[PDB]
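*Asks:* Quick one: the structure is below, and I'll ask about it shortly.
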Amino acid sequence: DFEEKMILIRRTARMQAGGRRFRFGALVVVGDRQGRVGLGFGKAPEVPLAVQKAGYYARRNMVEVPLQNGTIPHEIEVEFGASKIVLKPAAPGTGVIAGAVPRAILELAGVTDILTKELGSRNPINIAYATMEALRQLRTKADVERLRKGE
Amino acid sequence: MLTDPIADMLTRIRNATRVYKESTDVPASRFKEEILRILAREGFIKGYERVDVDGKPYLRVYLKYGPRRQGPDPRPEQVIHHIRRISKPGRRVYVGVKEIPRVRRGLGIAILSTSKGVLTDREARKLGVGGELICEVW
Amino acid sequence: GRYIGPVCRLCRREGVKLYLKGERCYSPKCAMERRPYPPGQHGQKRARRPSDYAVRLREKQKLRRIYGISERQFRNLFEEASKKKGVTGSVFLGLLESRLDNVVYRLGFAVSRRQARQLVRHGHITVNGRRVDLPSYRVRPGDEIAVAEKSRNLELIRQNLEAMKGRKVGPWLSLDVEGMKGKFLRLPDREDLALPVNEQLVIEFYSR
Amino acid sequence: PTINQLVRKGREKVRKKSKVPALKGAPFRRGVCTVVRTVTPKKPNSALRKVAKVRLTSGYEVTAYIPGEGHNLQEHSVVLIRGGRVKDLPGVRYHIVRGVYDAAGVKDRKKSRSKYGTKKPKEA
Amino acid sequence: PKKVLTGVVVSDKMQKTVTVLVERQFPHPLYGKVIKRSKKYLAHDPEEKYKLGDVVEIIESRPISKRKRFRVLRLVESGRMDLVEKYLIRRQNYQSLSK
RNA sequence: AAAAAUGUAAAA
RNA sequence: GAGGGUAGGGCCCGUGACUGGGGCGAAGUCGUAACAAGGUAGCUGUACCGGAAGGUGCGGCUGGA
RNA sequence: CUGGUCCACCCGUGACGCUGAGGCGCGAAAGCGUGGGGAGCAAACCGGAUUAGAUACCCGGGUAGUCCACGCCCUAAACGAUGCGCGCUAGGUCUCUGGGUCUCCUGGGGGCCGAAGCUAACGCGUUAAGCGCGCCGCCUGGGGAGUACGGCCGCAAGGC
RNA sequence: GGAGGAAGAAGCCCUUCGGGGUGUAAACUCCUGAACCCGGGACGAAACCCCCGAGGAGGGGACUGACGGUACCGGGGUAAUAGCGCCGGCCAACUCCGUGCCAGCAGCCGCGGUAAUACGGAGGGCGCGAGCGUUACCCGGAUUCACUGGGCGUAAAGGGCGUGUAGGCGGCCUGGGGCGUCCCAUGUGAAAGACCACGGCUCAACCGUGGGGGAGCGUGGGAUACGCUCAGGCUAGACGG
RNA sequence: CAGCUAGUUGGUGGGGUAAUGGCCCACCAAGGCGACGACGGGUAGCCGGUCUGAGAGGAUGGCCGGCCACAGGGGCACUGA
Ligand SMILES: [Mg+2]
Ligand SMILES: [Mg+2]
Ligand SMILES: [Mg+2]
Ligand SMILES: [Mg+2]
Ligand SMILES: [Mg+2]
Ligand SMILES: [Mg+2]
Ligand SMILES: [Mg+2]
Ligand SMILES: [Mg+2]
Ligand SMILES: [Mg+2]
Ligand SMILES: [Mg+2]
Ligand SMILES: [Mg+2]
Ligand SMILES: [Mg+2]
Ligand SMILES: [Mg+2]
Ligand SMILES: [Mg+2]
Ligand SMILES: [Mg+2]
Ligand SMILES: [Mg+2]
Ligand SMILES: [Mg+2]
Ligand SMILES: [Mg+2]
Ligand SMILES: [Mg+2]
Ligand SMILES: [Mg+2]
Ligand SMILES: [Mg+2]
Ligand SMILES: [Mg+2]
Ligand SMILES: [Mg+2]
Ligand SMILES: [Mg+2]
Ligand SMILES: [Mg+2]
Ligand SMILES: [Mg+2]
Ligand SMILES: [Mg+2]
Ligand SMILES: [Mg+2]
Ligand SMILES: [Mg+2]
Ligand SMILES: [Mg+2]
Ligand SMILES: [Mg+2]
Ligand SMILES: [Mg+2]
Ligand SMILES: [Mg+2]
Ligand SMILES: [Mg+2]
Ligand SMILES: [Mg+2]
Ligand SMILES: [Mg+2]
Ligand SMILES: [Mg+2]
Ligand SMILES: [Mg+2]
Ligand SMILES: [Mg+2]
Ligand SMILES: [Mg+2]
Ligand SMILES: [Mg+2]
Ligand SMILES: [Mg+2]
Ligand SMILES: [Mg+2]
Ligand SMILES: [Mg+2]
Ligand SMILES: [Mg+2]
Ligand SMILES: [Mg+2]
Ligand SMILES: [Mg+2]
Ligand SMILES: [Mg+2]
Ligand SMILES: [Mg+2]
Ligand SMILES: [Mg+2]
Ligand SMILES: [Mg+2]
Ligand SMILES: [Mg+2]
Ligand SMILES: [Mg+2]
Ligand SMILES: [Mg+2]
Ligand SMILES: [Mg+2]
Ligand SMILES: [Mg+2]
Ligand SMILES: [Mg+2]
Ligand SMILES: [Mg+2]
Ligand SMILES: [Mg+2]
Ligand SMILES: [Mg+2]
Ligand SMILES: [Mg+2]
Ligand SMILES: [Mg+2]
Ligand SMILES: [Mg+2]
Ligand SMILES: [Mg+2]
Ligand SMILES: [Mg+2]
Ligand SMILES: [Mg+2]
Ligand SMILES: [Mg+2]
Ligand SMILES: [Mg+2]
Ligand SMILES: [Mg+2]
Ligand SMILES: [Mg+2]
Ligand SMILES: [Mg+2]
Ligand SMILES: [Mg+2]
Ligand SMILES: [Mg+2]
Ligand SMILES: [Mg+2]
Ligand SMILES: [Mg+2]
Ligand SMILES: [Mg+2]
Ligand SMILES: [Mg+2]
Ligand SMILES: [Mg+2]
Ligand SMILES: [Mg+2]
Ligand SMILES: [Mg+2]
Ligand SMILES: [Mg+2]
Ligand SMILES: [Mg+2]
Ligand SMILES: [Mg+2]
Ligand SMILES: [Mg+2]
Ligand SMILES: [Mg+2]
Ligand SMILES: [Mg+2]
Ligand SMILES: [Mg+2]
Ligand SMILES: [Mg+2]
Ligand SMILES: [Mg+2]
Ligand SMILES: [Mg+2]
Ligand SMILES: [Mg+2]
Ligand SMILES: [Mg+2]
Ligand SMILES: [Mg+2]
Ligand SMILES: [Mg+2]
Ligand SMILES: [Mg+2]
Ligand SMILES: [Mg+2]
Ligand SMILES: [Mg+2]
Ligand SMILES: [Mg+2]
Ligand SMILES: [Mg+2]
Ligand SMILES: [Mg+2]
Ligand SMILES: [Mg+2]
Ligand SMILES: [Mg+2]
Ligand SMILES: [Mg+2]
Ligand SMILES: [Mg+2]
Ligand SMILES: [Mg+2]
Ligand SMILES: [Mg+2]
Ligand SMILES: [Mg+2]
Ligand SMILES: [Mg+2]
Ligand SMILES: [Mg+2]
Ligand SMILES: [Mg+2]
Ligand SMILES: [Mg+2]
Ligand SMILES: [Mg+2]
Ligand SMILES: [Mg+2]
Ligand SMILES: [Mg+2]
Ligand SMILES: [Mg+2]
Ligand SMILES: [Mg+2]
Ligand SMILES: [Mg+2]
Ligand SMILES: [Mg+2]
Ligand SMILES: [Mg+2]
Ligand SMILES: [Mg+2]
Ligand SMILES: [Mg+2]
Ligand SMILES: [Mg+2]
Ligand SMILES: [Mg+2]
Ligand SMILES: [Mg+2]
Ligand SMILES: [Mg+2]
Ligand SMILES: [Mg+2]
Ligand SMILES: [Mg+2]
Ligand SMILES: [Mg+2]
Ligand SMILES: [Mg+2]
Ligand SMILES: [Mg+2]
Ligand SMILES: [Mg+2]
Ligand SMILES: [Mg+2]
Ligand SMILES: [Mg+2]
Ligand SMILES: [Mg+2]
Ligand SMILES: [Mg+2]
Ligand SMILES: [Mg+2]
Ligand SMILES: [Mg+2]
Ligand SMILES: [Mg+2]
Ligand SMILES: [Mg+2]
Ligand SMILES: [Mg+2]
Ligand SMILES: [Mg+2]
Ligand SMILES: [Mg+2]
Ligand SMILES: [Mg+2]
Ligand SMILES: [Mg+2]
Ligand SMILES: [Mg+2]
Ligand SMILES: [Mg+2]
Ligand SMILES: [Mg+2]
Ligand SMILES: [Mg+2]
Ligand SMILES: [Mg+2]
Ligand SMILES: [Mg+2]
Ligand SMILES: [Mg+2]
Ligand SMILES: [Zn+2]
């Protein structure tokens with residue numbers, strides 16, 4: 001029961017003898033605005049229905065996000081093949097300055113102070129993927145010394 | 001003939017870790033020891049020791065990894081998330097004391113060759129000196 | 001200067017009860033209590049979810065109009081905020097609140113934020129003796145925001161003070177209602193304030 | 001490339017030429033209108049565009065487009081060049097200012113009087 | 001102070017005058033690579049005792065002639081013809097660059 | 001391994 | 001020794017009957033070479049030739065089977 | 001007569017190496033020059049047939065050229081459309097060649113399929129398009145145009 | 001100008017003809033009071049000059065104001081100029097009529113050829129305010145000359161292949177030097193500026209005052225890890241039998 | 001723009017200046033410079049600073065401040081610290 005919000009809803013079609021039927025696709029993201037966030041991209045032959053599918057798909061996936069008084073722990077250069085996005089922890093009072101897509105990502109991630117920028121490709125879909133897997137590589141101080149411990 | 005023994009060495013680790021090997025060898029050298037010396041001091045290698053490859057002094061770098069992972073494709077965690085050289089034989093990178101980088105906001109380390117030995121990103125700062133930025137690790 | 005145009009008309013745009021007046025806005029008619037929908041022929045029509053920028057914009061215009069001050073000065077202060085350290089966000093609202101004429105409202109001397117400007121303009125207000133007419137003038141920590149001698153016994157003034165009996169106001173402010181004077185204790189901590197606006201968004205916007 | 005490649009060769013500086021040969025990039029150039037004729041548009045359009053060649057005082061000779069609803073420029077009118085091409089007319093890379101010199105403004109116009117040079121009227 | 005350079009005698013075909021090359025390396029202003037460039041200087045040797053290839057030192061001195069404001073100091077090592085080559089060979093290749 | 005040319009110019 | 005004068009070269013700009021190709025164009029004329037074995041697989045260096053696209057020769061490449 | 005290349009013995013040298021602006025040399029085919037040769041083939045060219053037309057597709061005849069020498073030209077889808085060198089990173093399969101008490105092991109080369117990994121996808125994947133260092137080459141929207149001018153080379157066509 | 005003020009004038013626009021919009025906006029009530037009027041009215045000026053001492057030190061006396069009868073202070077005092085751009089998407093702001101590939105807009109994609117939110121007018125809205133907007137030029141977005149921070153099988157791009165000159169790069173160990181580089185000290189980096197702090201002019205702009213470290217360079221001292229350099233040894237690269 | 005140079009490079013002696021110096025003169029010796037871009041052409045006064053920019057970089061030099069150069073074009077020397 002986290003906070004839900006979509007990104008974009010395109011309208012792809014199909015060539016075929018006679019006419020050109022369609023199939024809508026909607027990108028949606030969820031989060032309680034504190035560490036818990038999930039991204040899902042639902043495809044369906046109808047705008048609303050697609051959002052509905054995006055719903056379950058989003059509430060399905062999810063990832064923990066080690067906060068820090070509203071900011072991210074550290075910075076990362078996460079390249080998702082095509083696109084390239086980098087985040088960086090800012091001092092409280094800064095603001096969620098990021099691309100249109102990553103905005104609603106970290107916004108629902110309980111982030112308020114972050115520095116990001118998209119490089120290479122800027123395809124909404126890909127960029128999204130990136131931002132997620134990015135948070136998926138995040139490592140807290142605890143996480144670090146934990147694996148580095150191995151005692 | 002190679003160029004920078006360190007360059008290919010860090011690569012041994014990289015390529016090995018990617019496939020999760022027990023350990024890998026590499027031609028024995030003064031500097032490489034220092035590398036592993038700190039690469040163990042901060043804790044990225046299980047250790048090392050000079051071995052033999054047909055009368056050829058090598059160095060067995062014993063790799064460290066993470067716990068087994070649940071879910072699709074049980075990929076064991078990587079202790080050495082990423083390690084890349086900075087001061088290349090092409091571009092000799094010399095940094096000052098109050099210039100030394102902060103690898104991923106402390107989470108990382110900057111192995112560099114000080115004018116008084118070899119120290120970490122923080123160790124070099126504490127002693128109050130600068131040197132050639134060998135590489136970073138995190 | 002300030003947009004003299006109809007004001008209880010903007011309350012409808014922000015969709016938030018804004019006290020740009022005095023008595024009437026507290027009455028059963030902030031002009032939005034009557035018409036909870038934005039102005040124009042339309043407004044009474046199903047609208048659409050604005051864009052990120054769009055929301056940030058509307059959100060900003062909420063704060064701005066509240067202090068009925070030129071966007072010029074409004075922006076100039078946003079910068080002034082970023083200029084210094086601290087939580088630039090709340091800091092902005094902070095200096096916004098430090099504005100002389102503004103304190104004159106949060107001290108009761110005037111019934112409206114706009115009427116405050118008027119009074120302060122005609123030097124009806126004093127500070128440590130000087131008849132500061134400048135609606136600007138950032139009141140530093142610790143000042144005697146009193147009422148000028150000539151301005152003491154004034155009809156409109158009295159009405160404002162008489163009604164301003166008791167009634168806690170400004171935790172970071174003191175009020176000597178007896179002699180018609182107030183003081184600026186400390187800088188209003190973010191928590192103390194409580195405006196219908198979201199600073200974080202207003203911040204993001206001016207980063208473009 | 002490599003490091004040495006940069007050490008020797010080096011990154012080539014961009015450098016871009018202007019879309020408008022109007023001398024000192026001067027805000028506007030003055031000239032005398034030589035030809036005042038209407039030319040037909042390009043590919044997707046067709047609406048006889050009122051254009052006028054203007055032999056600048058700066059020794060040039062270019063074609064400019066007259067906006068607004070009509071005008072009053074003959075074979076010897078003087079005028080200013082705004083500088084701004086028209087993607088519907090091949091070659092026309094200069095607008096022509098309104099209300100300036102022999103070039104009158106637009107009659108009846110209400111909105112956007114600025115661009116079309118029309119001193120605000122009075123309703124009363 | 002009186003600037004002093006450690007260069008090599010690359011030309012001794014003048015009267016009481018000797019040319020000297022001086023290589024100075026430094027970080028590239030932008031690319032930080034240890035690049036190496038040089039320049040030729042005309043020294044004053046009233047004794048002519050310094051011969052070709054002789055690595056010597058040169059000090060910023062009183063103006064002697066037009067393009068000459070430096071004087072010799074002392075030898076660093078005699079046999080250094082190999083370096084002279086690097087200079088000479090560079091010259092040679094030049095002749096094959098024109099038309 | 002298959003004799004046989006060509007359809008100008010206005011909207012998703 | 002300013003400059004002036006005489007003779008002769010170098011570079012740059014403008015201009016010029018005529019001429020070369022290029023770009024551009026809701027429409028023309030002549031064919032149809034290319035994309036499907038495009039109805040001779042196509043492309044290609046070079047050569048020759050023809051209203052034109054192009055054909056043919058020598059070799060080569062599949063981005064042909 | 002002569003270059004390059006591989007395996008075994010670990011015998012000698014003792015960092016002598018990698019790369020390579022310009023330059024030097026090689027460089028299919030067609031083409032040019034003097035001389036030689038000419039079976040077949042064969043642009044051009046002549047004729048037949050098809051077609052509206054047919055300077056073409058097919059058929060008949062046919063020259064230069066194709067071949068030799070010596071000299072010049074220096075281009076190509078010169079194609080793996082993948083610069084050179086050293087190092088690390090599953091393996092299964094068959095083939096060329098070399099070593100060895102040999103249902104098998106070991107070195108160099110060629111081809112398919114695939115771990116990890118890279119990739120826009122295709123696809124690459126110890127013959128990398130993987131991970132990493134060193135050096136040269138080169139690209140920075142299409143057309144204009146590989147043209148125009150200048151410069152250099154060439155007998156020319158034309159090339160850089 | 002401020003406070004109030006109708007379930008909400010008039011006109012104007014829309015309309016499923018019920019009503020909706022302009023809009024508390026106005027009208028009107030009440031309070032203030034820029035402009036304007038009267039009176040007073042600066043700082044900026046102290047010193048050279050006079051006197052005792054010794055013509056000095058020290059100390060005491062005296063002249064001068066362009067701006068100005070200006071700013072500023074006290075009193076008397078009238079509701080008192082609002083404009084420009086935009087409203088298809090980018091981009092915040094929707095409807096009516098007219099027009100009919102015309103007129104005309106256009107920064108990019110495009111719009112207009114009978115029902116245009118895109119031309120023009122209107123109603124209304126959005127932004128901004130003594131300004132708004134256009135043109136021009138510079139950085140930015142442009143990680144589109146890529147040190148940070150690109151790329152080259154088919155998208156623009158491996159030279160046709162080889163040889164080698166300069167240049168660039170450099171295997172493991174030990175030794176001296178300390179050129180690169182690293183650290184300290186110091187000279188330096190002037191003022192104006194930028195930043196932080198306090199203060200001046202009613203605030204600000206403007207300005208005074210103080211504090212900070214600065215790249216680089218000069219000198220002195222220090223270190224030796226890798227680069228460099230000379231020197232000795234090895235065989236894993238290359239070469240040779 | 002790929003090769004450039006006769007006061008050209010250097011030396012002895014001298015002239016000249018406040019002073020070094022082909023700055024200039026006579027004599028002598030062939031040198032001097034250049035792909036680390038000489039020579040040519042184009043453009044432009046330089047910096048402190050200013051503009052933009054996450055920074056690096058890019059752009060720039062109006063005002064004020066510092067140095068430079070010119071005072072219609074062009075040459076000359078007198079007076080004087
Ligand atoms: Mg990419
Ligand atoms: Mg394992
Ligand atoms: Mg160990
Ligand atoms: Mg209320
Ligand atoms: Mg203003
Ligand atoms: Mg209050
Ligand atoms: Mg209140
Ligand atoms: Mg008063
Ligand atoms: Mg005010
Ligand atoms: Mg209180
Ligand atoms: Mg508290
Ligand atoms: Mg409040
Ligand atoms: Mg900003
Ligand atoms: Mg901004
Ligand atoms: Mg007319
Ligand atoms: Mg007239
Ligand atoms: Mg030297
Ligand atoms: Mg002399
Ligand atoms: Mg002399
Ligand atoms: Mg057949
Ligand atoms: Mg036809
Ligand atoms: Mg058609
Ligand atoms: Mg003469
Ligand atoms: Mg003369
Ligand atoms: Mg002449
Ligand atoms: Mg002449
Ligand atoms: Mg001519
Ligand atoms: Mg012509
Ligand atoms: Mg002719
Ligand atoms: Mg063509
Ligand atoms: Mg045509
Ligand atoms: Mg016709
Ligand atoms: Mg045609
Ligand atoms: Mg064909
Ligand atoms: Mg085909
Ligand atoms: Mg094909
Ligand atoms: Mg052919
Ligand atoms: Mg071939
Ligand atoms: Mg098949
Ligand atoms: Mg042989
Ligand atoms: Mg043989
Ligand atoms: Mg064997
Ligand atoms: Mg043996
Ligand atoms: Mg041996
Ligand atoms: Mg041996
Ligand atoms: Mg030996
Ligand atoms: Mg080679
Ligand atoms: Mg050569
Ligand atoms: Mg040859
Ligand atoms: Mg041939
Ligand atoms: Mg022949
Ligand atoms: Mg011929
Ligand atoms: Mg015959
Ligand atoms: Mg015949
Ligand atoms: Mg025939
Ligand atoms: Mg035949
Ligand atoms: Mg012929
Ligand atoms: Mg033969
Ligand atoms: Mg050939
Ligand atoms: Mg090619
Ligand atoms: Mg080799
Ligand atoms: Mg075998
Ligand atoms: Mg073997
Ligand atoms: Mg094999
Ligand atoms: Mg495969
Ligand atoms: Mg895989
Ligand atoms: Mg993929
Ligand atoms: Mg795949
Ligand atoms: Mg393999
Ligand atoms: Mg293998
Ligand atoms: Mg294999
Ligand atoms: Mg082009
Ligand atoms: Mg060609
Ligand atoms: Mg030519
Ligand atoms: Mg070529
Ligand atoms: Mg009111
Ligand atoms: Mg008063
Ligand atoms: Mg007075
Ligand atoms: Mg006085
Ligand atoms: Mg006195
Ligand atoms: Mg005097
Ligand atoms: Mg006396
Ligand atoms: Mg006396
Ligand atoms: Mg005196
Ligand atoms: Mg007066
Ligand atoms: Mg007064
Ligand atoms: Mg008064
Ligand atoms: Mg009154
Ligand atoms: Mg009133
Ligand atoms: Mg009024
Ligand atoms: Mg009144
Ligand atoms: Mg606008
Ligand atoms: Mg509109
Ligand atoms: Mg409109
Ligand atoms: Mg909108
Ligand atoms: Mg009409
Ligand atoms: Mg318009
Ligand atoms: Mg278009
Ligand atoms: Mg209509
Ligand atoms: Mg229509
Ligand atoms: Mg309209
Ligand atoms: Mg529009
Ligand atoms: Mg428009
Ligand atoms: Mg309007
Ligand atoms: Mg730009
Ligand atoms: Mg840039
Ligand atoms: Mg580009
Ligand atoms: Mg690019
Ligand atoms: Mg560009
Ligand atoms: Mg790119
Ligand atoms: Mg290509
Ligand atoms: Mg090749
Ligand atoms: Mg060499
Ligand atoms: Mg040593
Ligand atoms: Mg010693
Ligand atoms: Mg020592
Ligand atoms: Mg240093
Ligand atoms: Mg340094
Ligand atoms: Mg210091
Ligand atoms: Mg210093
Ligand atoms: Mg200092
Ligand atoms: Mg400085
Ligand atoms: Mg100072
Ligand atoms: Mg300073
Ligand atoms: Mg401070
Ligand atoms: Mg203050
Ligand atoms: Mg102050
Ligand atoms: Mg202040
Ligand atoms: Mg103050
Ligand atoms: Mg203050
Ligand atoms: Mg100051
Ligand atoms: Mg200061
Ligand atoms: Mg301080
Ligand atoms: Mg330094
Ligand atoms: Mg002479
Ligand atoms: Mg002499
Ligand atoms: Mg003399
Ligand atoms: Mg003199
Ligand atoms: Mg002399
Ligand atoms: Mg001489
Ligand atoms: Mg001579
Ligand atoms: Mg140059
Ligand atoms: Mg000039
Ligand atoms: Mg100039
Ligand atoms: Mg940037
Ligand atoms: Mg700045
Ligand atoms: Mg001026
Ligand atoms: Mg004059
Ligand atoms: Mg003169
Ligand atoms: Mg003169
Ligand atoms: Mg004088
Ligand atoms: Zn209200």
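Simple scheme: letters A, B, ... for chains in structure tokens order, numbers from 1 for residues in each chain, numbers from 1 for ligands in the order shown.
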Could you please write out, as a count of residues only, every residue of chain A that DSSP assigns to strand (DSSP E)?

*Replies:* 52

*Asks:* Extract the full set of helix (DSSP H, G or I) residues from chain C according to DSSP on the backbone, and format it as a PyMOL selection string.

*Replies:* chain C and resi 11-14+23-26+52-66+71-83+88-98+100-105+113-121+149-152+155-163+177-179+199-206

*Asks:* Quick one: write out the picked residues with C-alpha atoms as a JSON list (two decimals), in the first residue's frame?

*Replies:*
[["chain", "number", "residue", "atom", "x", "y", "z"],
["C", 11, "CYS", "CA", -7.36, 32.44, -3.82],
["C", 12, "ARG", "CA", -9.27, 30.42, -6.41],
["C", 13, "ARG", "CA", -6.22, 29.77, -8.60],
["C", 14, "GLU", "CA", -4.06, 28.29, -5.84],
["C", 23, "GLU", "CA", -11.75, 40.52, 8.44],
["C", 24, "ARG", "CA", -13.58, 39.40, 5.30],
["C", 25, "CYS", "CA", -11.21, 36.51, 4.56],
["C", 26, "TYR", "CA", -11.89, 35.13, 8.05],
["C", 52, "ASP", "CA", 6.42, 18.63, -12.89],
["C", 53, "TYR", "CA", 7.42, 22.18, -13.81],
["C", 54, "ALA", "CA", 3.75, 23.17, -13.86],
["C", 55, "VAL", "CA", 3.21, 21.95, -10.30],
["C", 56, "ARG", "CA", 6.47, 23.52, -9.14],
["C", 57, "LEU", "CA", 5.29, 26.76, -10.74],
["C", 58, "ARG", "CA", 1.80, 26.84, -9.24],
["C", 59, "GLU", "CA", 3.38, 25.81, -5.94],
["C", 60, "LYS", "CA", 5.79, 28.74, -6.11],
["C", 61, "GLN", "CA", 3.12, 31.26, -7.09],
["C", 62, "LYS", "CA", 1.35, 30.12, -3.94],
["C", 63, "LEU", "CA", 4.21, 31.32, -1.73],
["C", 64, "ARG", "CA", 4.90, 34.47, -3.75],
["C", 65, "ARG", "CA", 1.37, 35.86, -3.84],
["C", 66, "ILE", "CA", 1.17, 35.14, -0.11],
["C", 71, "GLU", "CA", 8.86, 38.53, -8.41],
["C", 72, "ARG", "CA", 11.97, 40.63, -8.90],
["C", 73, "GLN", "CA", 12.54, 40.92, -5.15],
["C", 74, "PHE", "CA", 11.10, 37.44, -4.66],
["C", 75, "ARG", "CA", 13.78, 35.86, -6.86],
["C", 76, "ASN", "CA", 16.53, 38.15, -5.57],
["C", 77, "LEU", "CA", 15.92, 36.67, -2.13],
["C", 78, "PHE", "CA", 15.91, 33.09, -3.40],
["C", 79, "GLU", "CA", 19.45, 33.79, -4.55],
["C", 80, "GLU", "CA", 20.25, 35.57, -1.29],
["C", 81, "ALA", "CA", 19.27, 32.30, 0.36],
["C", 82, "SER", "CA", 21.47, 30.07, -1.77],
["C", 83, "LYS", "CA", 24.18, 32.67, -1.19],
["C", 88, "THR", "CA", 18.65, 27.21, 1.87],
["C", 89, "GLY", "CA", 15.02, 26.08, 1.58],
["C", 90, "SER", "CA", 13.58, 27.13, 4.92],
["C", 91, "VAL", "CA", 16.09, 29.98, 4.99],
["C", 92, "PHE", "CA", 14.23, 31.53, 2.06],
["C", 93, "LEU", "CA", 10.92, 31.47, 3.92],
["C", 94, "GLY", "CA", 12.98, 32.72, 6.84],
["C", 95, "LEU", "CA", 14.18, 35.93, 5.22],
["C", 96, "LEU", "CA", 10.73, 36.22, 3.65],
["C", 97, "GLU", "CA", 9.42, 36.38, 7.20],
["C", 98, "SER", "CA", 12.12, 38.81, 8.28],
["C", 100, "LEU", "CA", 9.70, 44.52, 8.00],
["C", 101, "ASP", "CA", 6.17, 45.12, 6.70],
["C", 102, "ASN", "CA", 5.61, 41.39, 7.10],
["C", 103, "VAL", "CA", 6.44, 41.43, 10.80],
["C", 104, "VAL", "CA", 4.04, 44.35, 11.10],
["C", 105, "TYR", "CA", 1.34, 41.86, 10.13],
["C", 113, "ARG", "CA", -0.61, 41.95, 4.89],
["C", 114, "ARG", "CA", -1.33, 44.59, 2.27],
["C", 115, "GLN", "CA", -2.64, 47.09, 4.81],
["C", 116, "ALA", "CA", 0.60, 46.50, 6.70],
["C", 117, "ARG", "CA", 2.58, 47.74, 3.71],
["C", 118, "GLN", "CA", 0.41, 50.87, 3.61],
["C", 119, "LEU", "CA", 0.94, 51.70, 7.28],
["C", 120, "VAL", "CA", 4.66, 50.97, 7.19],
["C", 121, "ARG", "CA", 4.83, 53.06, 4.03],
["C", 149, "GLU", "CA", 4.20, 58.86, 18.23],
["C", 150, "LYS", "CA", 1.95, 60.75, 15.81],
["C", 151, "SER", "CA", 0.69, 57.38, 14.61],
["C", 152, "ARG", "CA", -0.03, 56.12, 18.13],
["C", 155, "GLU", "CA", -8.50, 55.22, 14.47],
["C", 156, "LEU", "CA", -7.58, 52.31, 12.21],
["C", 157, "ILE", "CA", -4.55, 51.60, 14.40],
["C", 158, "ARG", "CA", -6.58, 51.28, 17.59],
["C", 159, "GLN", "CA", -9.09, 48.90, 16.01],
["C", 160, "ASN", "CA", -6.20, 46.60, 15.09],
["C", 161, "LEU", "CA", -4.59, 46.69, 18.52],
["C", 162, "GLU", "CA", -7.79, 46.41, 20.55],
["C", 163, "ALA", "CA", -8.68, 43.20, 18.74],
["C", 177, "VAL", "CA", 0.41, 45.61, 23.45],
["C", 178, "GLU", "CA", 0.26, 48.19, 26.24],
["C", 179, "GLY", "CA", 2.64, 50.65, 24.60],
["C", 199, "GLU", "CA", 9.31, 24.69, 0.11],
["C", 200, "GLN", "CA", 11.12, 21.74, -1.49],
["C", 201, "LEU", "CA", 9.20, 22.21, -4.74],
["C", 202, "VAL", "CA", 9.64, 25.98, -4.78],
["C", 203, "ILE", "CA", 13.35, 25.25, -4.44],
["C", 204, "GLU", "CA", 13.52, 22.74, -7.29],
["C", 205, "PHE", "CA", 11.79, 25.18, -9.61],
["C", 206, "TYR", "CA", 14.34, 27.98, -9.30]]

*Asks:* Set the cut-off to 12 Å, count only C-alpha atoms (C1' of nucleotides) and all ligand atoms, and list whatever residues fall near ligand 102 as a ChimeraX atom specification.

*Replies:* /I:86-91,93,105-107,110-111,116-119

*Asks:* Just the residues within 10 Å of residue 100 in chain I, please, counting only C-alpha atoms (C1' of nucleotides), with nothing from its chain fewer than 5 positions along; format it as an NGL selection string.

*Replies:* :I and (112-114)

*Asks:* Write out, as a Markdown table, each residue of chain I that has an atom at most 10 Å from ligand 118, together with the closest pair of atoms and their distance in Å to one decimal, counting only C-alpha atoms (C1' of nucleotides) and all ligand atoms, rows going by chain and rising number.

*Replies:*
| residue | atom | partner | partner_atom_place_in_ligand_line | distance |
| --- | --- | --- | --- | --- |
| I:180 | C1' | ligand 118 | 1 (Mg) | 9.1 |
| I:181 | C1' | ligand 118 | 1 (Mg) | 7.5 |
| I:182 | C1' | ligand 118 | 1 (Mg) | 9.8 |
| I:215 | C1' | ligand 118 | 1 (Mg) | 9.8 |
| I:216 | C1' | ligand 118 | 1 (Mg) | 8.8 |

*Asks:* Could you give me, as a short mmCIF file (atom, residue, chain, number, x, y, z; two decimals) with C-alpha atoms, in the first residue's frame, the residues within 7 Å of range 48-50 of chain B, counting only C-alpha atoms (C1' of nucleotides) and dropping anything in the same chain fewer than 6 positions from it?

*Replies:*
data_model
loop_
_atom_site.label_atom_id
_atom_site.label_comp_id
_atom_site.auth_asym_id
_atom_site.auth_seq_id
_atom_site.Cartn_x
_atom_site.Cartn_y
_atom_site.Cartn_z
CA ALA B 28 56.40 -11.13 -8.35
CA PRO B 57 58.70 -16.09 -8.72
CA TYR B 58 54.98 -15.29 -8.91
CA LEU B 59 52.39 -14.02 -6.42
CA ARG B 60 49.26 -15.91 -5.37
CA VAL B 61 46.51 -13.39 -4.66
CA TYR B 62 43.77 -15.17 -2.71
#
